[PDB]
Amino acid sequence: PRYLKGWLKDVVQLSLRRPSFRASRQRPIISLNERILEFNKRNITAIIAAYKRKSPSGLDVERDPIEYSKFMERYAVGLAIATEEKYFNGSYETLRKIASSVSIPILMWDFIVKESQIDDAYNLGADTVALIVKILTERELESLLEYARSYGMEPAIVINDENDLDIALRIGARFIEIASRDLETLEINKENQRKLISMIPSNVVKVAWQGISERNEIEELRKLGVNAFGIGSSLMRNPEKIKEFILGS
């Protein structure tokens, strides 16, 4: 991983030590970026709903993850399931159970720093993973992206500034998450997010993530070329808000 400080250094150290999940996958791979483009062609707003029991940007939410994921199967283009243990209060078992219960694409959200965690995502049933530019060197990013694609996954490459975007293009990202929250300070900068979105080539599948809370914002971002919208805490609180994000109120 890159030289890191503070909580990022801590979470990367923890992830390096994460024991692997050693069972065979029992689920097809279903492409999250292809389904996003299908929604686009169908003029259906594409929301990637996240399940996260906690995050550094929100309070813990104790809801049944299965009931949540079955509800979202009706509406969302894909689910993102936060599996990191210390800061997201996640578990591989929650991912495994959700993947066993739903037939929409699933992204495993965690801090992926070694190949065995991509083996884990595949074996647990996730269709794809995020890879985070801020924590991985270019060589690790390239290696892990190639590794994930050898399983038939197309990872979301997470960026939050111009440096990250330059590295995403350099490693041949096809599917970019433009995160409006800086991982290190937790600050949201939407002006920067919109600038980055305007700099991405039109053939890359773009997900705007973090701080999206209104149908109007989604409509604005769609007009700038964004393909899909990742939304976590507002849906962890009120899953039915997803109906207004897709259909208006």
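Heads up: residue numbers just count along the shown sequence, starting at 1.
Handout entry: Mean temperature factor over C-alpha atoms, higher-scoring stretch between 187-195 and 32-40
Key = In the deposited entry, the stretch with the higher C-alpha B-factor mean is 187-195.
Problem - Stretch with the higher entry mean CA B-factor, where the candidates are 133-141 and 154-162 - result: According to the entry, 133-141 carries the higher average C-alpha B-factor.
Problem - Criterion, highest CA B-factor; candidates, 208, 204, 224, 50 - result: Each of 208, 204, 224, 50 was compared by C-alpha B-factor; the highest is 224.
Handout entry: Per the PDB entry, maximal CA B factor within 116, 103, 83, 123
Key = Going by the entry's C-alpha B-factors, 103 comes out highest.
Practice task
Ordered by C-alpha B-factor within the chain, which third holds residue 20? Give me lowest, middle or highest, please.
Solution key: Lowest third.
Exercise for the section: Classify residue 13 as lowest, middle or highest third according to the C-alpha B-factor given in the PDB entry, relative to its own chain. Expected result: For residue 13, the deposited C-alpha B-factor lands in the highest third.
Practice task
Tell me, lowest, middle or highest third: where does the Cα B factor of residue 77 rank within its chain?
Solution key: Residue 77: CA B-factor falls in the middle third of its chain.
Practice task
Just say lowest, middle or highest third for the CA B-factor of residue 110 relative to the other modelled residues in its chain.
Solution key: For residue 110, the deposited C-alpha B-factor lands in the lowest third.
Practice task
Taking the chain's C-alpha temperature factors as the reference, tell me which third residue 127 falls into: lowest, middle or highest.
Solution key: For residue 127, whose C-alpha B-factor we compare with every modelled residue in the chain, the answer is the lowest third.
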